[PDB]
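Asks: If you scroll down you'll find the structure; I have some questions about it.
Please treat every number below as a calculation from the coordinates, not as lab data. No Cβ is skipped: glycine too gets one built from the backbone with ideal geometry, and neighbour counts run over all protein chains shown.
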Amino acid sequence: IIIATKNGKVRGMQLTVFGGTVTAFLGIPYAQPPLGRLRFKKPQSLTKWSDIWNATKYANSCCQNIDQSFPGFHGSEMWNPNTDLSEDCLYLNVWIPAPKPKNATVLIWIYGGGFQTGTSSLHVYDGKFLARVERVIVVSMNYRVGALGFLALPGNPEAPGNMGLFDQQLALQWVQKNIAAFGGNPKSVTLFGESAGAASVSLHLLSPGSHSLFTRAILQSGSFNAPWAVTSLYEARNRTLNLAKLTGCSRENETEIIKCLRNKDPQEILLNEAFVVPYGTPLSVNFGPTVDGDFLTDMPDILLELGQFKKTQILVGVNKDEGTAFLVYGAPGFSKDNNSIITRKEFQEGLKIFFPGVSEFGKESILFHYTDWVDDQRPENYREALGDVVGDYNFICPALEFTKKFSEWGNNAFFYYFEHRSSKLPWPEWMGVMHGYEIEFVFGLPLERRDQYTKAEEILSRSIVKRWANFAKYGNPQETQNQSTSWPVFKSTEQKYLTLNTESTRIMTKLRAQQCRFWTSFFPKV
Ligand SMILES: *[C@@H]1O[C@H](CO[C@@H]2O[C@@H](C)[C@@H](O)[C@@H](O)[C@@H]2O)[C@@H](O[C@@H]2O[C@H](CO)[C@@H](O)[C@H](O)[C@H]2NC(C)=O)[C@H](O)[C@H]1NC(C)=O
Ligand SMILES: *[C@@H]1O[C@H](CO[C@@H]2O[C@@H](C)[C@@H](O)[C@@H](O)[C@@H]2O)[C@@H](O[C@@H]2O[C@H](CO)[C@@H](O)[C@H](O)[C@H]2NC(C)=O)[C@H](O)[C@H]1NC(C)=O
Ligand SMILES: CC(C)(C)OC(=O)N1CCC[C@H](C[NH2+]CCOc2cccc3c2ccn3Cc2ccccc2)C1
Ligand SMILES: *[C@@H]1O[C@H](CO[C@@H]2O[C@@H](C)[C@@H](O)[C@@H](O)[C@@H]2O)[C@@H](O)[C@H](O)[C@H]1NC(C)=O
Ligand SMILES: *[C@@H]1O[C@H](CO)[C@@H](O)[C@H](O)[C@H]1NC(C)=O
Ligand SMILES: *[C@@H]1O[C@H](CO)[C@@H](O)[C@H](O)[C@H]1NC(C)=O
Ligand SMILES: *[C@@H]1O[C@H](CO)[C@@H](O)[C@H](O)[C@H]1NC(C)=O
């Protein structure tokens, strides 16, 4: 089966899914390979081809450093690239239902990974289940990460910043020009993403050049106002310079620095990325979105606060234990291979790791607000508190504050709190409902009865998949047939949200109220 696109013909492949068929187009190029003279620049439009492009395998993943903290462990290694790294990585995938749809809603996935890592080819991003089950079209794209995707010399078009975001945007563009040929409705496009993918989605809501490239948006465990999601022009330029020094590329002509960085091998840029921040951490967003005056015209907190964003519906949510995963990537006394009971002094040391440039008073105030124990003697008190600190600060309270503020400008918003721990989760139990482990439910992996998910999990994924698809098609994430709890609109006053679990889906109000008044109202002053 061959589809004629604006740039040439592309050949796909047939997939058997649940006694049905899905047509997959894996690895369609959507931009000139950003190579040589093109490294660090915005993505350039693709010159047509005459032949038939074979889009039958995932393309190259973009260059990136790899998580090597747990070699051989599926809990970490399932997130690492599963295709060759290359700078030639600006490709996208398309899953379409078979038989070919007539006017199908399109779902576009944007992966996370702190803007330093990630790839669309991961097993948990397989769109074939959504296409089969809900008859939507699923699109995902690779986008540049790290310095190669977000190196910033603001104003300088040789390295303007936000290239990876313009990569995402050129892909949304491609869907607008082409998806009708695949049976998709370019007027019914829902972006969805997780973590840095969700922050990306929220920034497309703010960027005028994306306003007309999509309809609705879903934000899973991420938003641009998260403290890790936007690099300051101060940090960015200090980081660009440190990368220059580290590679022998320091110059006075800012443009000649870039020319110098353009001759370095991709691996020399990767090696030196970690050290551009003196507070070196494997959790460091070394190179991320900036206020570039192109993609972002202003500081996004101002745009959010003053209503300068796309007026549409959003679906936003978080997981119960967003913070735990990060505790084994540097916090003292923590291990995935034991229950990580930590002392007060280990907790205090963990705050220093996660809040590096923060005053002593700032850290004491975190301790004060998170160590008023319901029981003094519980040995896991400090271990649980540090997880909640990292998750509330980095994910939950920014997503809640994003939703309140977005909804105050009159748009329907829906907030969820995912609290199911996957029965297959390879990480230990004290880690709970981890960051990233709703994704397989969203993509319908538990719908495949053959892979050891329980029956309760099949049903939960089935409902979630239905709610996501109804949100994308109809702006309203209900499951209307199986006497399901109705999902209320999130309002700035009521703050109602829906819990997602295998047992009882219920309606609650004002998630982490006390914790988020601390993080959102007080802590930004310290
Ligand atoms: C901004 O950058 C300077 C320079 O960073 C140093 O050089 C880089 C190539 C890289 O290898 C970093 O690890 C280096 O730290 C920072 O200044 C350094 O600060 C640390 C501690 O703050 C100090 O021990 C070093 O001696 C300093 N080096 C120099 C040359 O001043 C600076 O902290 C960075 N951040 C800010 C906010 O200014
Ligand atoms: C849980 O484990 C951590 C990590 O220690 C490593 O992993 C273990 C599973 C085991 O293989 C150890 O030999 C490894 O070193 C423990 O943290 C260490 O604790 C000891 C004594 O308290 C200390 O000397 C080390 O510096 C610690 N390492 C750190 C902080 O990175 C922790 O004590 C274990 N906790 C429990 C309750 O078992
Ligand atoms: C891949 C996925 C997004 C689904 O889940 C995860 O990332 N993990 C869950 C399990 C551990 C593995 C580490 N992830 C690999 C590299 O990802 C990053 C690199 C750098 C910064 C990052 C990230 C991710 C977030 N931030 C921002 C940040 C948030 C909070 C505290 C400090 C930083 C995967
Ligand atoms: C593109 O593919 C054409 C047909 O390939 C068919 O499907 C793939 C998956 C293989 O199983 C192959 O044996 C089949 O014939 C090729 O004939 C054609 O040469 C390919 N073109 C390029 C440029 O690779
Ligand atoms: C698809 O739906 C849009 C409205 O959402 C409509 O304008 C367009 O003509 C439709 N295209 C079809 C049915 O081919
Ligand atoms: C050097 O800097 C000048 C401005 O001072 C700029 O116009 C020129 O393009 C730069 N040269 C190169 C080779 O980039
Ligand atoms: C509704 O329940 C039926 C069983 O009666 C099940 O087969 C179906 O998948 C459910 N639909 C949704 C959207 O959960």
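Asks: Just the residues that are assigned to a loop (DSSP other than H, G, I, E, B) and in contact (Cβ under 8 Å) with a residue 12 or more places away in the chain, please, taken from the range 504-517.
Replies: Step one: list which residues in the range 504-517 are assigned to a loop (DSSP other than H, G, I, E, B), which gives 504-506, 510-512.
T505, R506, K510, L511, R512, listed by residue number.
Asks: Can you tell me which residue in the range 1-52 is nearest to ligand 5 (Cβ to nearest atom), limited to those that are among the basic types (K, R) and not in a loop (DSSP other than H, G, I, E, B)?
Replies: Going residue by residue through the range 1-52, those that are among the basic types (K, R) are 6, 9, 11, 37, 39, 41-42, 48.
Okay, now just the ones that are also not in a loop (DSSP other than H, G, I, E, B), so 9, 11, 37.
Numbers: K9: 21, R11: 23, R37: 41 Å.
Ranking the candidates gives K9 first.
Asks: Could you identify the single residue in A274, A236 that is aliphatic (A, V, I, L, M), more than 8 Å from ligand 1 (Cβ to nearest atom), in contact (Cβ under 8 Å) with a residue 60 or more places away in the chain and surrounded by fewer than 18 Cβ atoms within 10 Å (Cβ to Cβ)?
Replies: Details: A236 fails: surrounded by fewer than 18 Cβ atoms within 10 Å (Cβ to Cβ).
After applying the criteria, what remains is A274.
Asks: Okay, next question. Checking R383 against (1) of a type outside the set (A, V, I, L, M, F, W, C); (2) more than 24 Å from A226 (Cβ to Cβ); (3) crowded, with 18+ Cβ neighbours inside 10 Å, which single condition isn't satisfied?
Replies: Evaluating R383 over (1) of a type outside the set (A, V, I, L, M, F, W, C); (2) more than 24 Å from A226 (Cβ to Cβ); (3) crowded, with 18+ Cβ neighbours inside 10 Å leaves (2) as the failure.
Asks: Just wondering, is there one or more residues in the range 399-415 that are in a loop (DSSP other than H, G, I, E, B), touching a residue at least 12 places away in the same chain (Cβ under 8 Å) and over 28 Å from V230 (Cβ atoms)?
Replies: no
Asks: While we're here: Taking only the range 440-472 into account, find how many residues are within 16 Å of ligand 3 (Cβ to nearest atom) and outside any helix (DSSP H, G or I). It would help to see each step written out before you state the result.
Replies: The initial filter retains those residues of the range 440-472 that are within 16 Å of ligand 3 (Cβ to nearest atom), namely 440-443, 445.
Now drop any that are not outside any helix (DSSP H, G or I), which leaves 443.
Final tally of qualifying residues: 1.
Asks: Would you be able to say whether some residue in the range 200-212 is touching a residue at least 12 places away in the same chain (Cβ under 8 Å), in contact with a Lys or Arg (Cβ under 6 Å, 6 or more places away or on another chain) and part of a loop (DSSP other than H, G, I, E, B)?
Replies: The answer is no; no qualifying residue exists.
Asks: Restricting to the range 53-64, what's the tally of residues that are assigned to a loop (DSSP other than H, G, I, E, B) and under 20 Å from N162 (Cβ atoms)? Don't jump to the end; show me each part of the working.
Replies: Step one: filter the range 53-64 for residues assigned to a loop (DSSP other than H, G, I, E, B), giving 55, 57-60, 63-64.
The next check asks that each one be under 20 Å from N162 (Cβ atoms); those that pass are 63-64.
Number of matching residues: 2.
Asks: Let me ask another. Name every residue in the range 449-486 that is acidic (D, E) and either crowded, with 16+ Cβ neighbours inside 10 Å or under 21 Å from the mean Cα position of the chain (by Cα) (or both), in order of residue number.
Replies: Taking the range 449-486 as the starting set, the residues that turn out to be acidic (D, E) are 451, 457-458, 479.
Result: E457, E458, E479.
Asks: Starting from the range 172-199, take each residue that is among the acidic types (D, E) and list its partners that are part of a helix (DSSP H, G or I) and away from ligand 7 (no atom under 16 Å from the Cβ), counting only C-beta distances under 8 angstrom and pairs at least six apart or across chains.
Replies: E194/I439
Asks: Could you please let me know if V139 is closer than 16 Å to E440 by Cβ, among the β-branched types (V, I, T) and either more than 16 Å from ligand 6 (Cβ to nearest atom) or in contact (Cβ under 8 Å) with a residue 24 or more places away in the chain (or both)? Spell out how you get there, then give the answer.
Replies: Details: closer than 16 Å to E440 by Cβ: no; among the β-branched types (V, I, T): yes; either more than 16 Å from ligand 6 (Cβ to nearest atom) or in contact (Cβ under 8 Å) with a residue 24 or more places away in the chain (or both): yes.
Criteria not met by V139.
Asks: So, in the range 311-332, how many residues would count as being within 17 Å of the chain's Cα centre (by Cα) and over 10 Å from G432 (Cβ atoms)?
Replies: 6
Asks: Identify all residues within the range 413-440 that are under 13 Å from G317 (Cβ atoms), acidic (D, E) and either crowded, with 21+ Cβ neighbours inside 10 Å or touching a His at 6+ places or on another chain (Cβ under 7 Å) (or both); write none if there are none.
Replies: Passing the criteria: only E438.
Asks: Among the candidates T312, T255, which residue alone is surrounded by fewer than 19 Cβ atoms within 10 Å (Cβ to Cβ) and within 16 Å of ligand 5 (Cβ to nearest atom)? First the steps, then the outcome.
Replies: Working: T255 fails: within 16 Å of ligand 5 (Cβ to nearest atom).
After ruling out the rest, the residue left standing is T312.
Asks: Looking only at residues that are closer than 18 Å to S76 by Cα and among the charged types (D, E, K, R) in the range 333-352, which one is nearest to ligand 5 (Cβ to nearest atom)?
Replies: Only one residue tops the list, namely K336.
Asks: Same structure, new question: Just to be sure before I move on: is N263 surrounded by fewer than 22 Cβ atoms within 10 Å (Cβ to Cβ) and either under 24 Å from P154 (Cβ atoms) or within 24 Å of the chain's Cα centre (by Cα) (or both) in the structure I sent? If you could, list the steps in order and put the result at the bottom.
Replies: Details: surrounded by fewer than 22 Cβ atoms within 10 Å (Cβ to Cβ): yes; either under 24 Å from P154 (Cβ atoms) or within 24 Å of the chain's Cα centre (by Cα) (or both): yes.
Taking the combined requirement at face value, the residue satisfies it.
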